[PDB]
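Just below is one structure, and these are the notes that go with it.
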Amino acid sequence: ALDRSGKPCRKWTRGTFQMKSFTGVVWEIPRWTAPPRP
Amino acid sequence: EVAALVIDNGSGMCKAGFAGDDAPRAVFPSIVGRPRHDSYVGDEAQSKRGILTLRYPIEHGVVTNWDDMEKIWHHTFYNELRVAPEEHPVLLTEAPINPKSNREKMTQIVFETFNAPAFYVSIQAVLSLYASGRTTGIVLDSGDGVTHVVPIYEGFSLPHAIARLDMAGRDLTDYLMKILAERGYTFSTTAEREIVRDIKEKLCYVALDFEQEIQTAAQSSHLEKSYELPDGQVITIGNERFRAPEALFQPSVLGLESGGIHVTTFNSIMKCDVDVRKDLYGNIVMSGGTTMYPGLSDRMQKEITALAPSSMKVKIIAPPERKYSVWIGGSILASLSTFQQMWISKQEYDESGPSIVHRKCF
Amino acid sequence: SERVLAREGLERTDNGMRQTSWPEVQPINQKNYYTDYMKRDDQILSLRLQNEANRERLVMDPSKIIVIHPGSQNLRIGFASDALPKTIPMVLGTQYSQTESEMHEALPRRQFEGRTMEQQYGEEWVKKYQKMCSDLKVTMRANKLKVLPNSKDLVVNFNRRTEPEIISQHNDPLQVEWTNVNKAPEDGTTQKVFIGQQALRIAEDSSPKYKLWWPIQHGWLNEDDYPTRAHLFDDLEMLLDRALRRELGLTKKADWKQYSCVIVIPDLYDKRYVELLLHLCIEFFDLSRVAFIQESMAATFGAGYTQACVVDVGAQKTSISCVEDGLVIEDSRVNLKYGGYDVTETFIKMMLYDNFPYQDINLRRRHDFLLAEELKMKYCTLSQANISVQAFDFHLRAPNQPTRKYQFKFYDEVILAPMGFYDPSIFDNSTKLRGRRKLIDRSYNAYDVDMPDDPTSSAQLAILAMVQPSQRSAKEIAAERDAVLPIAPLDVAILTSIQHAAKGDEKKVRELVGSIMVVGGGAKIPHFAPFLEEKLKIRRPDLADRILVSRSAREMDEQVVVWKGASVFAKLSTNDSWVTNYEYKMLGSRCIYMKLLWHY
Amino acid sequence: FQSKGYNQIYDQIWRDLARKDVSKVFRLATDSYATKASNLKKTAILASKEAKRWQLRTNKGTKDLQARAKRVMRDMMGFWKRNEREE
Amino acid sequence: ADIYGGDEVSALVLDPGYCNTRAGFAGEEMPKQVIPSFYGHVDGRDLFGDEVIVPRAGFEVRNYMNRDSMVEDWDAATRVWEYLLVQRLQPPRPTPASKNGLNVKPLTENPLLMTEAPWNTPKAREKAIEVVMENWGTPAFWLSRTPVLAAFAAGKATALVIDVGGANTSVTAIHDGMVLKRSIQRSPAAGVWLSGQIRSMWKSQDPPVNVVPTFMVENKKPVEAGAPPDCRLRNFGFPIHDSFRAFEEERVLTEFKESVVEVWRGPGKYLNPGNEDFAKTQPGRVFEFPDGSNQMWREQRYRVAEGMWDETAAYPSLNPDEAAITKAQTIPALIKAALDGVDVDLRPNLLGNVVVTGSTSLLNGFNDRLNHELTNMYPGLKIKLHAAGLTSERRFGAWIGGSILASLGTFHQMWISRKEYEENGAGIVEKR
Ligand SMILES: Nc1ncnc2c1ncn2[C@@H]1O[C@H](COP(=O)(O)OP(=O)(O)OP(O)(O)=S)[C@@H](O)[C@H]1O
Ligand SMILES: Nc1ncnc2c1ncn2[C@@H]1O[C@H](COP(=O)(O)OP(=O)(O)OP(O)(O)=S)[C@@H](O)[C@H]1O
Ligand SMILES: Nc1ncnc2c1ncn2[C@@H]1O[C@H](COP(=O)(O)OP(=O)(O)OP(O)(O)=S)[C@@H](O)[C@H]1O
Ligand SMILES: [Mg+2]
Ligand SMILES: [Mg+2]
Ligand SMILES: [Mg+2]
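Here you go:
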């Protein structure tokens with residue numbers, strides 16, 4: 160089906176994600192993030 | 004059940020309306036105004062231009078200010094179509110080879126700002142091909158802001174073979190003002206640009222042999238058509254009638270270093286697979302407002318025949334509805350029962366975020 | 006091992022990623038599908054706007106409707122409120138390097154300085170003129186009319202032994218007025234161009250030099266005479282612009298947006314000509330609406346007939362169509378490339394052969410054209426009882442040269458030129474097809490760009506098959628038919644058109660044959676309807692009890708029955724066939740398919 | 722970097738990447754492309770039929786057009802029965 | 013966590029070559045942007061794309077790649093890669109309100147995967163990361179070899195990669211996703227050499243065949259086979275540059291290669307005693323030059339391709355400097371010399387997984403000849419050939435391998451970070 164009765168979607172925002180090389184160096188990639196849904 | 008909205012935004016004119024209709028309900032300039040020292054859209058912004066700074070949010074077919082773009086969509090739903098988006102699926106269109114970041118950004122705005130229950134993005138040229146009644150071809154799409162050539166085989170475009178002549182409707186208006194200034198009329202004001210656009214869309218045509226029309230234009234009482242300004246005074250334009258559209262075939266006259274539309278079309282066919290090329294020459298399709306000049310198809314048939322091999326069967330398709338082929342292809346798509354199982358649902362947006370559009374819209 | 010790698014800080018890692026980002030597309034189910042596209046009239050712009058208009062009406102001024110009937114000699118134009126059209130020659134004069142007379146061989150065609158008259162006129166034509174003479178003699182002898190054996194000899198000897206009289210400028214009963222090409226126009230426009238009667242009366246030797254352009258000939262766009270499609274379209278636009286300014290007095294162009302237009306088209310139209318006319322009206326003139334009606338439909342609407350076989354004889358075309366229940370019967374349409382202009386040229390050629398005094402006559406020269414039309418309207422006749430050696434005179438008036446009077450005699454040239462409609466090989470058909478698709482191609486489907494979309498009829502193919510007995620594609624078949632000029636005797640064309648209309652139903656043949664209606668100026672020859680009824684009766688002796696041919700309807704001029712019918716079609720409330728300005732700006736020629744009252 | 726430990730890790734990552742991941746993701750990608758191309762082809766066949774269908778003549782279309790034409794013609798007979806009686 | 017979407021890493025994949033340069037995002041079946049490596053120069057301005065090469069008074073055509081398939085000019089390389097990766101593949105900036113006529139660092143989100151030739155020397159690799167990290171604000175970088183990517187494009191861990199490009203033909207053995215450095219073998223007998231064979235073969239014909247490019251022809255009429263052309267040329271106020279003329283003639287030569295030329299696939303070499311005599315009796319293939327000139331090609335169709343299989347068969351170079359190819363530079367010689375550089379245990383594995391690549395490998399009969407030559411030179415082994423690519427489109431091979439690689443989750447531990455570079459400066463030598 161389509162919508163319930165409107166009601167908003169959860170907001171997405173450009174955050175940052177820490178990720179790691181096999182030689183242990185840590186770097187940041189920009190990534191979409193949302194607050195945790197109950 | 005309710006119809007989807009089909010929205011076809013453009014550097015010049017927004018088109019909007021309900022899927023299943025054969026024509027838009029609404030067409031208005033893609034213009035927004037803010038106070039110089051509240052905001053306005055389309056012809057209300059044109060009317061009040063004295064107290065506004067006026068801007069186009071779409072440039073060369075790509076969205077370049079998302080603040081102004083959001084005002085245009087707000088106007089389209091609530092003032093033009095008189096519908097709440099929360100009830101209706103939305104089919105949007107995008108320019109060939111536009112950036113991946115922009116597909117995400119429009120996907121966010123329909124779900125977070127309009128609460129569209131379901132949504133799709135579609136490549137303009139491919140919509141125009143469906144409208145033209147075929148599955149394979151090459152689309153010359155030429156509007157206000159950009160001219161693209163787009164090869165398509167069995168419903169799938171070939172993006173490496175897409176070529177982009179960075180010159181179209183607005184460049185020809187500015188050129189027509191320059192050569193009418195060389196005939197002694199005065200044109201350098203936004204009111205005067207809207208006058209010269211109205212001259213171009215009535216009096217201009219494409220010569221079948223440009224050097225022979227230059228040769229014969231020296232004396233013809235038939236050629237020198239005339240036009241009455243809003244002021245009531247009268248102007249008379251002659252060789253300027255066919256000199257303006259010649260800039261599509263010779264962009265040198267307009268002072269830019271590029272192949273014209275016939276050469277760029279040949280080049281796009283010659284970047285495709287050898288077994289595909291017969292089917293591309295047999296199906297050259299013309300789309301967008303700048304393809305409406307009288308005699309254009311006849312010059313394309315002659316110009317592409319000079320480049321192509323003598324064994325090829327070149328055919329130009331230019332139907333009557335071709336200034337709205339992109340909208341019409343949208344309407345047809347979004348009215349198929351198959352579209353219900355092709356759109357991004359707002360549940361998929363809740364779980365996957367803006368990047369869902371790359372997984373689901375090709 | 007592992008803890009030494011961890012001590013060096015080296016460790017392989019998922020980074021919490023999935024195996025791959027590579028997109029996994031699900032297959033679309035395409036079974037049991039349906040569509041919602043153009044399924045309801047509210048979704049079709051043309052029909053939505055009509056429903057909105059019908060509501061706005063229920064919840101139009103004839104003086105605001107222009108009625109246009111273009112042609113190869115004459116344009117007829119007026120408001121639907123007018124009792125009668127304004128008629129002008131459909132011709133345009135512009136400044137040029139050369140006159141129409143300088144660019145081409147003289148008419149009628151003669152091989153000047155040939156060995157003998159048999160070559161000069163052409164041996165086939167001379168044999169056919171002699172055949173027609175002998176057949177007329179046998180016919181009127183069988184009817185027991187007088188035939189003096191020396192009748193042609195008296196004519197030839199008198200014409201050969203006669204010379205003109207020069208008349209003093211004031212003793213001439215009619216001082217000619219030539220068009221002053223130097224004079225500034227006063228119709229809200231600046232270009233010194235002339236239309237209609239003013240253009241024909243431009244002197245051949247005016248100080249700035251003028252050429253006359255006829256944008257329509259043989260009943261289709263005159264591509265032969267034009268160098269480009271742009272020039273031809275610029276002239277049909279210029280002619281109709283000046284006709285609205287000069288015949289209808291619509292001097293202020295800004296006000297034209299409030300007028301609508303009814304255009305009369307041929308029953309075998311060219312879709313490119315229909316689409317040119319709709320584009321002139323809505324893009325160049327900006328009229329509010331346009332509607333189209335076919336010549337045969339408009340003819341019956343002039344009369345007030347439900348069911349009729351319409352014969353329309355013109356300057357350059359003759360058309361036959363049956364009409365019934367509001368529709369032209371699509372298979373019945375025949376369209377022949379001769380008319381009353383052929384009768385003018387054939388009369389002049391027959392008289393020139395019979396030593397007619399003014400041997401230097403050339404129908405490409407404007408005063409000679411007007412003289413030949415005037416001679417033909419006075420003397421040519423299909424009443425056989427009128428015939429004897431007759432003696433008359435005409436004044437040759439020519440620019441900057443004194444009036445000359447010629448006495449001349451004639452005997453049968455006056456009947457044999459008309460009788461060409463029953464042996465049309467006597468007409469000069471040699472150049473009619475020259476230029477036929479030189480600038481404007483055949484109509485092809487908007488989508489299926491290989492398939493011809495121009496109309497066809499069983500009857501017109503049956504006529505082409507008489508001229509030339511006729618795997619090939621649709622373009623090859625079309626191009627093969629386009630090479631054949633449709634020429635048939637008028638009695639054979641009528642009976643074949645009706646036979647196709649009735650599709651072998653003898654009872655519809657009997658109805659249509661009792662309902663033949665003649666219109667157009669070429670039919671305006673004396674005794675034409677009686678002559679045509681006699682010719683049909685000897686070709687179908689079974690139908691002689693019921694063949695009935697009538698000239699015009701409700702006491703109108705043959706030349707205006709069609710315009711009167713078009714003006715009724717403008718007025719009547721049930722007509723929803725209008726293409727509105729806005730529909731056309733959205734969808735162009737596509738809205739014709741939606742709104743016309745026949746399958747376009 | 723210049724040690725048997727580093728060399729072993731680097732080689733062991735590439736061995737698993739080449740043997741396990743590249744072989745799986747190539748099969749997924751080749752099947753995915755075949756689904757995408759199939760989806761698009763059949764959709765373009767439906768959308769192109771719809772674009773042309775307004776042109777196809779039908780029982781209903783022809784009878785409604787015969788009815789339009791017959792009403793207009795009866796209104797023209799009405800027109801004369803008034804004017805030819807009132808004149 | 014449960015805070016993250018389907019978004020992971022959007023990597024840019026870059027593949028520069030002597031003929032073509034190709035750019036795009038990973039996770040996509042073909043490159044979005046494909047442009048000639050030949051670029052226009054006019055008035056200090058540099059002009060990129062097949063669409064911007066057009067006759068003008070100053071116009072000169074240059075290349076930023078050498079015929080070693082390596083960057084010759086790092087300035088020009090930076091301008092070409094700026095055009096593809098920044099102007100074409102990212103969002104634009106808006107025009108000012110004063111200029112629209114109504115009123116009277140760039141790669142921070144996308145790590146870059148760059149493709150190199152397998153003989154690319156370490157100084158060049160050092161300059162690639164130096165140029166990439168300084169210009170564009172790229173988060174992280176990777177630099178990989180064309181043969182590895184072509185094997186992953188065929189879905190293979192271990193393969194023998196035959197790669198027939200423009201400037202070079204290469205043979206190389208890949209095992210467990212890595213290049214066996216002893217197996218690398220290279221040759222000029224590739225697409226650019228095949229164009230010189232065709233030019234030579236055309237000037238050797240009894241009436242010479244003269245190539246004249248499409249830009250020089252206004253209008254042409256069809257004519258019978260062997261007849262002089264009914265055609266009218268343009269003229270220009272300015273003299274045309276020899277480089278421009280050459281670049282435009284290479285479009286005609288590429289159309290001759292894709293449609294006339296055929297590799298002799300038949301039993302034995304083309305110059306075996308019966309074979310050329312038989313070839314003259316076959317039906318030919320027709321071809322039209324842009325001038326309208328038209329002819330049927332019979333045996334010369336075979337003889338231009340044969341030289342990369344048999345050094346005896348080749349036409350002389352029209353350039354008198356460009357030395358004739360030797361036996362050691364033919365394709366069968368490179369294959370034998372490549373597998374002789376590998377452990378005898380791997381040979382049946384490698385020859386069961388032959389991967390063919392490079393646009394010159396698309397000639398009619400190429401795979402049929404290769405299969406026959408392998409079968410006759412390694413008898414009693416199963417030989418099988420694989421195309422690089424997901425699709426019947428085989429012009430992109432390395433690029434699709436980069437696309438698959440940079441989309442694997444296990445790969446994201448490999449990228450050299452911005453920080454990793456800033457601490458070390460020449461991390462490449464040890465990280466690949
Ligand atoms: N009948 C016509 N003849 C010639 N030019 C026309 C005509 N109608 C519109 N145009 C021009 O076409 C342009 C608008 O074309 P569209 O295709 O609607 O523009 P658009 O969709 O905004 O453009 P893009 O390509 O999508 S940015 C303007 O430059 C108009 O002046
Ligand atoms: N009184 C008359 N006697 C004989 N012929 C006449 C008479 N009045 C007009 N005509 C002829 O009628 C012809 C003109 O007929 P029209 O119907 O006006 O032609 P038209 O409509 O321009 O031709 P079409 O129908 O467009 S081909 C000319 O050839 C005249 O010579
Ligand atoms: N279909 C075709 N058949 C044969 N040759 C072709 C075809 N298409 C292109 N070519 C030739 O292919 C060559 C270029 O091959 P590519 O694979 O693009 O070379 P590239 O990758 O730029 O070259 P390198 O070797 O990597 S520097 C040119 O010499 C073209 O003329
Ligand atoms: Mg557009
Ligand atoms: Mg008429
Ligand atoms: Mg390569």
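Protein chains in written order, with PDB author numbering: chain X, 160 to 197; chain V, 4 to 40, 51 to 375; chain U, 6 to 64, 101 to 511, 618 to 747; chain G, 722 to 808; chain W, 13 to 116, 139 to 466.
Quick reminder that beta carbons are idealized off the backbone N, C-alpha and C, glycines included.
Excluding sequence positions up to five away, which residues of its chain have a Cβ less than 7 Å from the Cβ of residue i?
i, result
"residue 422 (chain V)", "The shown model of chain V, from 4 to 375, leaves out residue 422 (chain V), and the question about it has no answer."
"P189 (chain X)", "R173, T175"
"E141 (chain U)", "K252, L253, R405"
"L293 (chain V)", "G150, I151, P164, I282, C285"
Looking at residue j and residue i, is the spacing between their C-beta atoms short of 8 Å?
i, j, result
"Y133 (chain V)", "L94 (chain V)", "no"
"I334 (chain U)", "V364 (chain U)", "no"
"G199 (chain W)", "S351 (chain W)", "no"
"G36 (chain V)", "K61 (chain V)", "yes"
"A460 (chain W)", "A23 (chain W)", "no"
Run down chain W in chain order and give the residues with a C-beta less than 9 Å from the C-beta of residue i.
i, result
"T175 (chain X)", "The contacting residues do not exist; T175 (chain X) stays about 10 Å from chain W at best."
"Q31 (chain U)", "The contacting residues do not exist; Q31 (chain U) stays about 14 Å from chain W at best."
Strictly below 8 Å CB to CB, what residues from chain W border residue i?
i, result
"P28 (chain U)", "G39"
Going along chain W, which residues have a C-beta under 7 Å from residue i?
i, result
"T751 (chain G)", "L424"
I want to verify the contact list: residues of chain V whose CB lies under 7 Å from the CB of residue i, in sequence order.
i, result
"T764 (chain G)", "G168, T351"
Taking the DSSP output, what are the residues bridged to residue i?
i, result
"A432 (chain U)", "U:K450"
"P38 (chain V)", "V:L65"
"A29 (chain V)", "V:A19"
"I274 (chain W)", "According to DSSP, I274 (chain W) bridges with nothing at all."
"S135 (chain V)", "V:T106"
Mind reading off the beta-carbon distance from residue i to residue j? Whole number of angstroms is fine, and I expect it under 8 Å.
i, j, result
"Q24 (chain U)", "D785 (chain G)", "So it is not a contact: roughly 60 Å between Cβ atoms."
"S714 (chain U)", "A349 (chain U)", "18 Å between Cβ atoms; not a contact."
"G436 (chain W)", "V25 (chain W)", "4 Å"
Please return the same chain residues whose Cβ sits closer than 8 Å to the Cβ of residue i, not counting the five positions on each side in sequence.
i, result
"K682 (chain U)", "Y463, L637, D638"
Using the beta-carbon of each residue, which ones in chain U are nearer than 8 Å to residue i?
i, result
"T182 (chain X)", "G14, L15"
"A26 (chain V)", "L50, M733, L734"
Only counting the same chain, and skipping five residues up and downstream in sequence, which positions put a Cβ closer than 6 Å to that of residue i?
i, result
"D27 (chain W)", "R34, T149, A432, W433"
Can you pull the chain X residues whose beta carbon is under 8 Å from the beta carbon of residue i, in chain order?
i, result
"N20 (chain U)", "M178, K179"
Against residue i, what residues of chain G qualify as contacts under a CB-to-CB distance less than 8 Å, listed in chain order?
i, result
"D366 (chain U)", "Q787, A790, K791, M794"
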